[PDB]
Every structure is written in structure tokens, then in C-alpha cells.
Amino acid sequence: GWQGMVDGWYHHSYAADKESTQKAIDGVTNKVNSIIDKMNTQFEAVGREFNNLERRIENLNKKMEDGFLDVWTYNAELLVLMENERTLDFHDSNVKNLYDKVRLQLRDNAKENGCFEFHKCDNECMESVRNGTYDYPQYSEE
Amino acid sequence: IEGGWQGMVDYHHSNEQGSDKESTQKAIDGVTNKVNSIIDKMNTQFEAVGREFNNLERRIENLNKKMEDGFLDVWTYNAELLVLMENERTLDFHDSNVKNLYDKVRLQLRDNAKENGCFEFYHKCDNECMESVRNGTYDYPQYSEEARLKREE
Amino acid sequence: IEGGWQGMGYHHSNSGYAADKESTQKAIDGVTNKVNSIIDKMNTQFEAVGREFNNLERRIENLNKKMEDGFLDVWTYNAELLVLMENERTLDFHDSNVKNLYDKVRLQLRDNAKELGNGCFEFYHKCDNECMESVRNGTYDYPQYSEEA
Amino acid sequence: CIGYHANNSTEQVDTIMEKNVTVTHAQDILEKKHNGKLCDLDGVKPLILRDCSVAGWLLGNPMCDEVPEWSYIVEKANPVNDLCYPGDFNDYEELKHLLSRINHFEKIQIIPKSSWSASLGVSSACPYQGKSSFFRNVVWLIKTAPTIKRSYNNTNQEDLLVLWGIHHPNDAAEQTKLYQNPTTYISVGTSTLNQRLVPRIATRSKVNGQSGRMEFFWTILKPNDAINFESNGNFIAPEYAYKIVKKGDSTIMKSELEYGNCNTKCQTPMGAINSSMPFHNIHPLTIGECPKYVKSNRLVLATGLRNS
Amino acid sequence: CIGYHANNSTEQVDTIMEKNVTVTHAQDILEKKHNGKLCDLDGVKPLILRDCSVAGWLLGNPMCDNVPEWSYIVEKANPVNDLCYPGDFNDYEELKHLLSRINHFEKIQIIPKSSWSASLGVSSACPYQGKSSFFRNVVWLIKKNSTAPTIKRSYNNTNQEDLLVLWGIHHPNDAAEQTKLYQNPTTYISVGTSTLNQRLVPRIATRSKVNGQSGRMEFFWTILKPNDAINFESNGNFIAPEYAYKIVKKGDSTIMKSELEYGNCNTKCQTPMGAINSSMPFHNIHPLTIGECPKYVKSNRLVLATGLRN
Amino acid sequence: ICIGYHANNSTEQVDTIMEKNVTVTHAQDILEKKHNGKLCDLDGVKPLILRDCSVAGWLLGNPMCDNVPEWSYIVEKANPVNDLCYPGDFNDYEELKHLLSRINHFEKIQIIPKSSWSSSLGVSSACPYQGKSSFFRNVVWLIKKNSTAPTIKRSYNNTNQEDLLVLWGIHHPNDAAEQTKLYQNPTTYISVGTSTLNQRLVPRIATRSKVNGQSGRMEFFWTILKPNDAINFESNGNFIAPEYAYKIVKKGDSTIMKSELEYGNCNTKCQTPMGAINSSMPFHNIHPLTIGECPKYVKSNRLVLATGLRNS
Ligand SMILES: *[C@@H]1O[C@H](CO)[C@@H](O[C@@H]2O[C@H](CO)[C@@H](O[C@@H]3O[C@H](CO)[C@@H](O)[C@H](O)[C@@H]3O)[C@H](O)[C@H]2NC(C)=O)[C@H](O)[C@H]1NC(C)=O
Ligand SMILES: O=C(CO)N[C@H]1[C@H]([C@H](O)[C@H](O)CO)O[C@@](O[C@@H]2[C@@H](O)[C@H](O)O[C@H](CO)[C@@H]2O)(C(=O)O)C[C@@H]1O
Ligand SMILES: *[C@@H]1O[C@H](CO)[C@@H](O[C@@H]2O[C@H](CO)[C@@H](O)[C@H](O)[C@H]2NC(C)=O)[C@H](O)[C@H]1NC(C)=O
Ligand SMILES: *[C@@H]1O[C@H](CO)[C@@H](O[C@@H]2O[C@H](CO)[C@@H](O)[C@H](O)[C@H]2NC(C)=O)[C@H](O)[C@H]1NC(C)=O
Ligand SMILES: *[C@@H]1O[C@H](CO)[C@@H](O)[C@H](O)[C@H]1NC(C)=O
Ligand SMILES: *[C@@H]1O[C@H](CO)[C@@H](O)[C@H](O)[C@H]1NC(C)=O
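Structure determination for this PDB entry is given in the record as X-ray crystallography, at a resolution of 3.300 Å.

See below:
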């Protein structure tokens, strides 16, 4: 993809799509927000308060301390790995969804690299492509 | 296809004469399977109790507290996430099947119509011609010439 | 694609089957890292489970029951649904891989063939066996057979 | 034209990337409702103590009322009738957890008041009908104080729970007053049990108008074992015992509610739960098969599509 | 054309089907940082004992040094000043757990040292100012002159809070040595309460010298309700209480083991390696935490992909 | 030219969060269900197994019970028939077993011989060695000598390099009349002292039912003698004195296992009373009472993932 595009996350024959970038930045921010905020934190005290003649209960506390570490680590690791592809495949869709958004917009006014060669088309003609307000019958016969 | 149509309670046909359970039943059995599995795959449940420790056993009382609070933190966090995960994975399945069905008509009729998720034919298509669009048995070579001549106008 | 290729990729009528090595080994390397990461990310740290409480220690014995049964429910439920959640991710990834290889061929030959409906293209020109490497390799030349279409 | 459904729905779900998605149809899996009364647990009535503790009910507390099978026990948060004569109960929390779920329970006279003939004793801390009484199920022995030797063999088919006690007077005078020997012992013998109780005289504060104490003990007499007693004088001897069949475990439930003729799978001190749902948020102190307790209010799945 | 973003990104993420995929922007949800010093807990400073144990600080050990409130207790791994005179403590771990979090704590003299003139004692194992002494907060009752009379003393609680009483018994070395200290060979201690009823008898046994001491001393405790009275009675071998402790109990905590020392700060999660100031959901700092803390996880990197692949 | 997916002769089926009984090209299960049905070593450390004896009966010298210097866990069968040949109790018996669950060095030591205690010795018919009655081999029962039993004062000082476990006991006679027959003094004590321990035992006379033909009981106690501390015994007459002790080395903990199988020459990282487990899988459904680095116990029969594409 393009490296010089800092406007956001089109190219003219750059200006990033302000709509899909706003829908993406707001959405992925909400996913990290829900991952952190859904956690429930309560006051707990850990201190190993059993003497050497209470070692059986000391082992019972171990089995639950060690048991919870096994559960959280497996969930946290797999949640990271599962949501990362769902994020990296979420970006595989936005390109083709923005491609078809413009492809189905101008139907026969150009020829299909994710690029289109158009009738010649100016700045006001391509800023209308980004807006979603592209007038097809204005350049239909050409 | 913005907003979706409201009048569909059972496609919408554009025709001079008048104004889909194949993919719906597949989605009805598919999403209901997800809700049933969320309830039924955790069907394993045993007995539970309360609290039975006196004033000189408050260390063990804090041990039972640590695991109860530790379990509530687990079940709450996973269930809240499972809702959020399976709610979007449900909604994404709707937008997924739409293009699968939108392309189905686009694949079926090609040059006999022009591409909002709507189509209007180059030829005339009556109330019985739209049988073949719903059934999947559309005769493309039949309306070939009728689309060719009315295309060069 | 109603019928699967029972006899096998690509299939041509010129006629034989030839699987795509670039797309298959990429997907095999991806799923192998999935099953591995499911098994490898599990942490085990040597716990010894046994009933060691006497008759007058049933309450502490009952407390161990709640945590033994409690962890059983977390692991049983999460394992059953992780299978269900990751099985769907795979079968949708296979439907995702059919289209991603289909669009690579469809965007390769633009106006030089015709989409039938079975996932096949009938060329507007004649394409021989050395011509169909261009479609498979990714080295397909559009302007050569352009006017023939 | 192709499109998706939409109706006049107000149901909302939450997407992991979107908050407040208006949805066609939604289903909730978080149980939030209860019927608000104690019920049976898998078709078995609970043992509900009105104003009595497990001690005052097991013993013969005169202020306590006199069911052979129960799934769990319910006692008020602070029962009023514990021990009319103040004292302790050895391994009381283990005795309660043992009786929490019982398959068979039967009160049996093993050695009656007539076989205790030393005299019987009463104090005013246990009022029954305007006249000072004592525990129904045990007997207070008072003197010349002689040595008492009597054993009971378990001839029944089931396990037997025997209860006995010892009196700890206030001063050395209250002992000689009632128990002639200044030095006293109580020896209980079983194939398992081997103990010997000596009274502990100490100046204590008044509880229910009594400075003395009474400490109770118990074992499970195996169905063909014999229990043997030998005491010098400070003996609170058993008159009744309880046969027990133990098939499962439960807990003692704390709630101020009363019984209703209902049945449920999950019990809660705020009301029973009839739910196949996987989660609930009612109360943590649950008994029986229950959904997982959760600190949340909304667990709504999206069964339909997004609306305009 | 239609394209996507790219920048000068070096951070890598892992995903379920690919390993090490360079990504535009990334964020870690695993907290690995700690300030390395002890702080308060939700606004309350903790009770720190540098070289003294909870038993050595509760009793009047001369090797030890009055804060009325604390969120949790910190004592080093093995404080150097436990019981200067060797012995044990009854329900010591539950008493430590009871005092782990106290809302109000105040030492109170209940029966003065003068009110037991039986005589007093002083062992060389508990040095005060070079000249040996005993515990400050409790009094060792010995016999006096020719005979060992019986002691009957009873303290009634008149405060509005629960108060903690501490007393003990001395276990002599030999039977002939007890006759020296306490004229009667048969001895007892009777502690009476509406709740408590105990009677202690000394166990004469040959033991190894700890701090130059073959004899031991065993301590006990209860909590006296605001309008209840505790009553002692002894024939000797009695370690009597001089001070008490009014207690206001509002919550629970635990005893943290850390050699670190205090810093004037505040935190929500405490760790023997230093407090934590994190809003993250996971951490890999230490298993023994106090306060509302994230979940402990055995991993080094839990990085999500916030941007697209570069 | 066409584009499509694979299909072969396979009936392996998996389930999906939206579909069920899907016919798949290839499948793989991640739930461990197989066990070799025999006890093995843990990370290369043999287990301590008792055929018909208990830990108490083996620790003491029960004549029916039979040496190993290192083990990972302890196996005693459901109900051992050779417990306490002379009936009684064991103080902190549950805590003591958890200590001996994993021992890196175990070496029996005679600290105070049988002859030294004589100055005689007691035998019961409840502990028959070979028809002719004997007693525990590791602890000695003391009876009056020359019709008058005086105070016995014998102390042992640990001079070894490791902690060592001392065992002693007290006899509770049936009636007070039998005591005078065995021990001249009617009132009796047993004082045991270390820098750690302080206790004084008193006989507890009570009429009891016969167990193994004996109604008198014998209660046992134990401590761990630190390397340079000494233990001092002083008893009036009811003494069951220590003759043998055990040096111990503690570098890890385990649990006591209940199984009827006995040793097979195998190795494992995870053990089960039904047989060990060889597993890279993170889950299993064998047994809950596991020992070792084990997969997580799960209630399921099939946890099969999909390794191939869906087949028609
Ligand atoms: C511990 O000390 C407290 C403080 O004196 C003692 O409490 C008091 O006991 C006396 C007599 O038992 C109570 O006397 C009365 O007041 C009521 C009206 O409330 C009146 O009807 C009576 O005639 C009498 O004057 C006093 O109220 C009570 N104080 C409190 C705060 O309860 C207590 O008895 C001492 N504990 C022991 C066991 O020594
Ligand atoms: O008399 C008092 C009152 O403070 N203390 C003496 C104590 C006390 O008698 C014992 O602890 C009772 O068991 O004993 C001291 O005695 C030891 C002595 O036993 C030993 O054999 O030698 C030591 C020095 O080597 C001490 O003297 C003690 O300091 O604890 C002396 C006290 O005066
Ligand atoms: C308790 O009652 C049982 C029932 O009679 C007694 O058990 C019997 O003991 C005799 C002799 O030991 C045997 O011959 C019988 O077969 C036993 N009966 C049963 C049902 O086992 C037992 O002896 C009594 N206990 C005591 C000590 O009196
Ligand atoms: C137990 O035996 C050891 C070895 O003799 C004793 O330890 C020694 O004590 C003497 C005199 O107190 C010292 O000279 C040695 O240096 C000590 N050795 C060590 C390694 O410290 C010990 O005192 C005896 N224990 C008891 C309780 O008597
Ligand atoms: C969504 O709506 C609910 C109630 O309508 C409200 O609690 C919440 O704050 C809303 N979210 C946003 C982001 O507005
Ligand atoms: C799936 O197949 C298995 C055996 O083939 C059978 O037990 C089960 O009932 C089947 N499920 C359905 C829904 O047919």
C-alpha cells in the first residue's frame, strides 16, 4: 500500500477516505475499550497466612492461585491472538469494501491494482468520488 | 443497500404488473444454533453451598472468598466478552450473506440488466419472469437478444 | 461452486487439475500456527490433586470440591466453545480463500473472459496450456489478447 | 432489488466495536428474576428452623419446636434460641455441615430418664411453660454423688448420632453444691472415640442469668459399635439420639424467609430460581445446580440484524 | 487508486495464524511496570514493622518501639525481634489476620503494674536498657515472701469499641524450679468471659535453651465485647495483662512480606516488589498482591494490533 | 478455466458454533483419552507404593509391613489391612502424610536402642510378628521393670546434617486397674521437649470397645528435630519410646494417591490412579485426581478441530 498517506488510514490520476477512516478508528478504539473495561476488579488480599502445620490448606490456596493463573493466561493469550487476526482481517475487508464502494459508484466510466483509469477527471471530479456523490450521467456517454 | 427494507415481513420486484426463505432459513438455523450452544455447552453444573466458617477460621474464610471472587471475575469477563464477540460476529454474518445473495443475482443475470442493490432489466420481466431470479433457474440465453437491442438505443 | 472438486486449484477445458502451490502452502502454514498456538499457549505448572481431609474437615473438603468443580466448568465450557468458535473461523476462512483466489484471477483477465457462474471463466480468445500458466503464475498479459475479446 | 428486514424494534445490543446497535430481535441469557420464597431442592423439602439454631433444634431446647428427610437447612441470620443454658458445641460447624443434607433422621430413646436413678436437675435459664425446664433430649445428673456406669449398643441398622455434655460451674461451691466430688471426670468410649472430660471451674459473666457453662460433644456410633459412659458427677447424659443415613452434602442457608409449597433446581436466600439460562446475578449463596453468578446487568445476544 | 496507510513502525504483533506481522500501531494490555516502593492503599498508610514481628510489636518487647489506623501490615521475612523470651502464641495467624486491616487502634492501660503488688519478674533474655527487663505491656506474676496467695482480678469493659486482651502462662524448666517461683506445685490460670472459658496448666518439660532460656511462655487472646467483663484467677505461673487495645474492625486484608520501606505515595494495588499504578486488565509483577489489582498472568507480551499491517 | 476446492474420501465430522455434523476433509482431536493403566515415575522419580500397608503402619514398625531413599509421590491402596496393629490414633496424621509425599532422601536411623531403654519391654497379641506376638519395630513399648517403674529420663541430640522425624507414643490403658498391672504409678506423664516442641502427655482411661482384641489405645505424636536441636524425653511410666527415626530432605511437595495398581517400569509427566498420561494435549477427561504436569481436566468426550475444508 501507499506509505506517504498520512491524511488517514484514495489516489488520483492523495486524500484518505474520511468516512471509512472515522468508522475504523472509532470502532477499533471501542474494541480495546471493551477488552479492558469489561474486567471486574475486586479487593483481594494474598499473603500466605498458613503455618507449616497447615500445609494442606496452604496447598489448597496454591491450587486456586495456580489455577487462576492458568485460566487468565490462556484466555488473555488467546484473546490477543484471536482478536489480532480479526483486526488484520478487518482491514482486509475495508480495502475491498472501499474498492466496491467506488467501483459500483462509477460503473462504466473507467476500467478496473485497486486503481481505475477513467473521460478525463479533475479535482472537483475526484473529490466527488470520495464524497460518495459522484454523478454518473454527467460522464456516461464519454 | 442502505437502511434495509421495512415492508418485508415474510426481494422487491419492479414491474409494470406489480410492486427469500432459501437464505433466511439457513440463517435462522445458524444463529439459533449459536444461542442454543451458548446455553447447552455449559450444561455441566453440580451442587453448590454457602459459608460455614466461624470467627477463629477467618483465614480459610478469606480463602473461600478469594476463589468465589476469582470465579465471578472469570465468568463475568468471559460472558461479557462472549456477548460482544458473538454480537458482532452475528451482525457481520448479515452483511456477509447480503453480498453472497447480491452477487447471486449479479452472477445469474449479467448483460440482461444494469447494476443500491437493485436492478432494472434491459428487457421486460413480468411477475412470472422473476420466478427464475428467486428460484436460481434464470434463463440468461432467453433474454439475450432482448437485452442486446434495447442496449444500443 | 456447488460441487467440490472430488477428483483433485484450477481446472481447465482445453483438461486436467493442477493445484495452486502458492495459495495452498500459505494456508497450511496459517492453520498449523493456529492449532499449535492453541496447544502451546497453555501453561501447566505441576499440581497434585488428592483428597487429604479427614472426617472432621469436610468443610475444607467441601471447599476443595467447589474449586475442583469450578475449574472443571470453566475449562469444559471454554474448550467446547473455543472449538465451535475456531471451527467457524476455519470454514469461513476457506470460503474466504476461494474468493481471494477467485478475485485474483478475475482481476487478472479483465475484459478477456466471461464469468459463467460456477466460478469459471470462458476466454473470449483461445488460451493454451502455456497461456494458462500466466493465469496461475500471476504473469498474465492483458493487452496481448485484448483486441481478440 | 435485494435487501434485509427491518421493523419498529427498540431492542439494543452491544458490538465489540460498536455501542448501541439497534437490533431487530434480541434474546437475553442473564437470569435476573426469582420467585422470592424458599422451595424444595430437587423435590426434597428444606429443614427450616423458625427461631432456633441447629444446636437448639438438635438438643431439646424447650423454647424450640419438636421431618425425617431434607436437602438443605435454613436458619435465620441471628436465631434467638441457641442454648438456653450458655455453653459451646464441639465441632459445631462440622456437625452442622454433616446434618445439612440427611436422607433418614429418627429420634430414638436409647437409655431413658428411668435408667438414670442420682437425681435430675433443672435451671431457670431454660423456661418452658412458666416452670423451669431442661433440654428434652438430654438429662442433667445431680447427686451422695455416685459413679454412673451405663453403655448403649447400637442395635439399629443405620448410623447413630449421640449427644452428651458437661457442666462447668461458676465457683467451687456450685460444684460441691450439685456434684459432691471436688475433682470430677467424664469418660466416653467408642471403637473410634477415646476422650475424658474434666470440668473447668472459672468465674464468668452472666449469660441468660447463668455464670456456669455446658459444653456438648458428639460422635457417629457405627451401626454395631457400643458407646460407654463413666462420669463422677458433672454429667449431662443423653436420653434421646438420632439415627442418620448420609447420602450427600449441602450447606446451612441464612435467610429470614419462610417455606412455600414450591420446587426448584437452584435455591437462593432471596428466592428460588427456575432457569435453564447459563447466568444469573441474584445472590452468591446458592445451593444446588445453578447458573454462574455474575456481576453484570445486561447479557443480550443479537438474534437479528441491525436496523435503520 | 484506493490504498491504505504505512509509517515508520517497528513494533510487531502475534496473531492466531501468523507470527511476527509488522503493524502500523500497536498497544500492550499487560502491565509490566512498578514503582518499586511501598505506598498507601486507597488513602490509608500501612502499618510497617521494620525489625519486629506482629507478636513482638503487640506485646511489649523492649527491642521494639503508635499509629491508630492502617490498611495492611508489613513485616519483613523474618523479623529479628519476635519473642525475646521464647514461647508460642495461640491462634497467632488468625490474630495477625484480624489485625491486618484496622480502622481504629488504641493502646489502653487496664490494670496498672502497681495493682499487682505477688511480685514481678525480669529475664536476661529481654534486655531493655542494658539492665534486663520483661515485656512492657504484660506483667509476670511471681509469688511473694513465704507463700503464694491466690490472685482474683477482673476487668470490665466500659469503652464503646471492642478491645483486645492479651495474657499468657509461663512454662517452667523443672518442677523444683517452679516451687522457687510459685510456692504451689499445682498451678492454674482461669480466664472467664461470656464467650471464653479456658483453664491453663503449666507443662513442665526439659527444653533446649533459646536466647539462653529453657523455659517457654505461651500467650492467648480474645476480643472483649463493649459491656462484657473478663475475669482472671491464678495460683502462679501467670503473665497478667497491663495494656489492652481498643479495636474498630471494618474490613479484612493480609500480612505482606517485603523488605522494602515506605514512600509517601498512594496506590490501588500493592506488591512486595513495589506498588502498581495501572488501569490495565493484566499484570505479571507478583502473585501476592493487596488491593483491587489486575489479573496475574504468566506472559511477557500481550500486544493487540491497533493499526493495519505495514 | 475454473476455481474450486479439494474433496477426498473422509467421514470425519466436526461441529461449528453455527453448524453441526459437518462432513470435513480432515479432523483432529485435542482431548486426551488414553492411559497406559500402570503407575510410572514422575519426571524420572520412582513412586513409593504400599501393597497392603498404610503410611502410619509403614512409618511405625508394624510387623506385617516391610526401603527406598527417594520418591515423588506415595501410593497406598483404598483400605490398607495393616494400619495400626495396636489400635490408636496419630496426631497430625494428615499433615504428616503431606510432608512425606515427596522426599529427596529418606534414611532410617536408630537413635535410642532397645537395650538402652531396658533398666522391661512390652508386647501385645494385636501385633503378631510370626505367630508369636511382637510389637512395632520402630517404637518400643515400656512396661515396669522389677515391679516398680521409676522415672525414665533419656534424651537424643540430632548430630546429622538433615532434619529428622522422631516418632513416639503414649498408651491409654483400658481401666485404672490394668495400669497398676503395667505401670506401678497410677498418675503418669510424658514430657517431650525441643527448642520447637513443648508437650506433656497424660493417659486417658476410658472403657472402650475391643479393636483387634484390645480395648486400650495408643496415641502417637511427631515432630521434626532441627539439625542441631536435641529432644528430651521424660516419662513416668506410660511411655512408648522412640527407637528408630528418619532423616529427611524436603525439596518439593506432592500428595497421597489412592490406587490399586502397582509399579510398572515406565515414566510419565502426569499420573492418574487409572494409569499415567502421555500428553501434549492441554485437556483430558480421564480422572480428576491427577499428579504431575498435567493437561486440564475437562468433562467432554470429543474436542475435535477442523484441519481440512468442508467436504461434499
Ligand atoms: C460490665 O460493665 C457494665 C457497666 O456498668 C455493666 O452493665 C450494667 O449492668 C447494670 C446491672 O446489671 C445495669 O443497670 C441498669 O439499668 C437499667 C435501665 O437501663 C435499670 O432498669 C436497672 O435497674 C439498672 O440500673 C446497667 O444498665 C448495665 N450497663 C450497660 C451499659 O449495659 C455490666 O453488668 C458489667 N458486666 C459484668 C458482667 O459485670
Ligand atoms: O526470676 C525471674 C523473674 O524475672 N527469672 C529467672 C528465670 C526463670 O526462673 C526461668 O525462666 C523459669 O524457668 O530464669 C533465668 O534462669 C536461667 C537459668 O535457668 C540458667 O540455668 O542460667 C541462665 C543463664 O545461664 C538463666 O539464669 C532467666 O534469665 O530466664 C533467670 C531469671 O532470674
Ligand atoms: C453391638 O451390637 C451388635 C449386634 O448384636 C453386637 O455384634 C455382635 O457381636 C457378637 C460377638 O462379638 C457376634 O457374635 C455377632 O454376630 C455380632 N452381631 C452383628 C450384627 O455383628 C456387638 O457385640 C454389640 N457391641 C457391643 C460391644 O456390645
Ligand atoms: C546438640 O548437639 C550439638 C553438637 O554437639 C550441640 O551443638 C554445639 O554446642 C556446643 C556447646 O553449646 C558448641 O561448642 C558447638 O559449637 C555447637 N555446635 C554447633 C554445630 O552449633 C548442641 O548444643 C546440642 N543441642 C542441645 C540442645 O543440647
Ligand atoms: C447508549 O445508550 C445507552 C442508553 O441508551 C446509554 O447508557 C449509553 O451511554 C449510550 N452510549 C453512548 C456512547 O451514547
Ligand atoms: C450426528 O451424527 C451422530 C452419529 O453420526 C449422531 O449421534 C447425531 O445424532 C447426529 N446429529 C444429527 C443432528 O443428526
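Enquirer: I tried to follow the sheet that holds strand 8 (residues 74-76) of chain F on my own but got confused; where do I start?
Expert: Neighbouring strands of a sheet are bound in pairs by backbone hydrogen bonds; such pairs are parallel or else antiparallel. One open sheet holds the three strands; their spatial order is 7-8-21 (chain F), and the pairing between them is parallel. Either end of the sheet is taken by a strand with one partner, and the two such strands are strand 7 (48-50) and strand 21 (256-257) of chain F.

Enquirer: Help me out: how do you make sense of the environment of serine 258 of chain E in this one?
Expert: Positionally, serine 258 of chain E belongs in the loop between strand 20 (255-257) and strand 21 (269-270). Contacts of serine 258 of chain E, omitting those with residues within four sequence positions, involve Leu38, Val74, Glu75, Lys76 and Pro272 of chain E.

Enquirer: Can you walk me through the nonpolar core in this structure?
Expert: Nonpolar side chains tend toward joint burial in soluble globular proteins. If you look at the biggest cluster of nonpolar residues, it comprises 85 residues, and the most contacted ones within it are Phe282 of chain E together with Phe283 of chain F. Looking at this core, the elements with two or more residues in it are helix 1 (18-37) and helix 2 (55-103) of chain A, helix 1 (21-40) and helix 2 (58-108) of chain B together with helix 1 (21-40) and helix 2 (58-106) of chain C. In contact with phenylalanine 283 of chain F, not counting residues within four places along its chain, are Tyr74 of chain A, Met42, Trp75 and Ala79 of chain C together with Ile30, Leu31, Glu32, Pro295, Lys296, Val298 and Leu303 of chain F. Core analysis: the next-biggest nonpolar cluster, separate from the first, contains 39 residues, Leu99, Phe106, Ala126 and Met218 of chain F among them.

Enquirer: Would you take a moment to explain the state of the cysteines for this structure?
Expert: The bond known as a disulfide is covalent and runs between the sulfur atoms of two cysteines. Residue and element names in this part refer to chain D. A full pass over the atoms with the stated rule returns 18 disulfides over all chains. Shown here is the disulfide that connects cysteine 84 with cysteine 126, its sulfur atoms set 2.0 Å apart. Measuring the twist about the S-S bond at about 85°, one finds the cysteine 84-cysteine 126 disulfide to be right-handed. Each member of the pair, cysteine 84 as well as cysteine 126, is classed as buried.

Enquirer: How should the pairing of strand 14 (residues 189-192) of chain E be read in this particular structure?
Expert: Where a strand is regular, its side chains alternate between the two sheet faces. Residues and elements named next belong to chain E. Judged by which residues are buried, strand 14 turns out to be covered on both faces: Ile189 and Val191 on one side and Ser190 and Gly192 on the other are all buried. Alignment of strand 14 against strand 17 (residues 229-234), held across four bridges, turns out to be antiparallel. Directly across from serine 190, in strand 17, lies its bridge partner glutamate 233. Examined bridge by bridge, strand 14 and strand 15 (residues 197-200) share four bridges and lie antiparallel to one another. Residue pairing for strand 15: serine 190 is matched across the bridge by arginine 199. Taking the residues that link successive antiparallel strands as the turn, the strand 14-strand 15 hairpin has four residues.

Enquirer: Whenever I open this one, the UniProt feature "disulfide bond" in chain B confuses me. Can you help?
Expert: UniProt pairs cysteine 125 of chain B with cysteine 129 of chain B in a disulfide, and the structure agrees, placing their sulfur atoms 2.0 Å apart, under the 2.5 Å limit. For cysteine 125 of chain B, a relative accessible area of 4% corresponds to the buried category.

Enquirer: Would you mind showing me how to read the interface of chain A and chain E here?
Expert: Frequently, the measure chosen for interface size is the accessible area that the parts lose on association. Listed as interface residues are 47 residues of chain A and, on the opposing side, 50 residues of chain E. Summed over both partners, the interface of chain A with chain E comes to about 4600 Å²; 65% of that surface belongs to carbon and sulfur atoms. Counting the surface chain A buries against chain E, the share from its top three residues, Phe43, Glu49 and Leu88 of chain A, is 15%. Scanning the region where chain A abuts chain E turns up zero salt bridges. The tally of links between chain A and chain E comes to 19 residue pairs in polar contact. Here the side of chain A that touches chain E is composed, by residue class, of 26 nonpolar, 14 polar and seven charged. Pairing geometry for strand 1 (residues 43-45) of chain A and strand 23 (residues 290-292) of chain E, over three bridges, is antiparallel. Bridge pairing in strand 23 of chain E links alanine 45 of chain A to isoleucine 290 of chain E.

Enquirer: Would you take a moment to explain the interface of chain C and chain A for this structure?
Expert: Listed per partner, the contact involves 32 residues of chain C and 26 residues of chain A. Across the interface of chain C and chain A, roughly 2600 Å² is buried in total on both sides, 61% from carbon and sulfur atoms. Of all residues in chain C, the largest losses of buried area upon contact with chain A belong to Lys41, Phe71 and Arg89 of chain C, amounting jointly to 21% of the total for that side. Between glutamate 57 of chain C and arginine 56 of chain A there is a salt bridge, with the nearest N and O atoms lying 2.6 Å from each other. Counting across the interface, chain C meets chain A through nine residue pairs in polar contact. Secondary structure elements with two or more residues in the side of chain C that touches chain A: helix 1 and helix 2 of chain C. Sort the elements by how many residues they give to the side of chain C that touches chain A and helix 2 of chain C lands first, with 16 residues. The class makeup of the residues in the side of chain C that touches chain A is 14 nonpolar, six polar and twelve charged.

Analysis parameters
Residues numbered from 1 in each chain as written, not as in the entry; some residues may be left out. Chains lettered and ligands numbered in written order. Heavy atoms only, no water. Pairing = 2+ DSSP bridges. Helix = DSSP H or I, 4+ residues; strand = E, 2+ residues; numbered from the N terminus. Contact = heavy atoms within 4.5 Å. Core = buried A, V, L, I, M, F, W, Y, C linked by side-chain atoms within 4.5 Å. Buried < 20%, exposed > 50% of the residue type's maximum accessible area, 1.4 Å probe, protein only. Disulfide = S-S within 2.5 Å. UniProt positions renumbered as here; feature names shortened; annotations may be inferred. Buried area = accessible area lost by both parts, 1.4 Å probe. Salt bridge = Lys/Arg side-chain N within 4 Å of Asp/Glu carboxyl O. Polar contact = N/O pair within 3.5 Å; in protein donor to acceptor, adjacent residues only side chain to side chain. Nonpolar A, V, L, I, M, F, W, Y, C, P; charged D, E, K, R; others polar.

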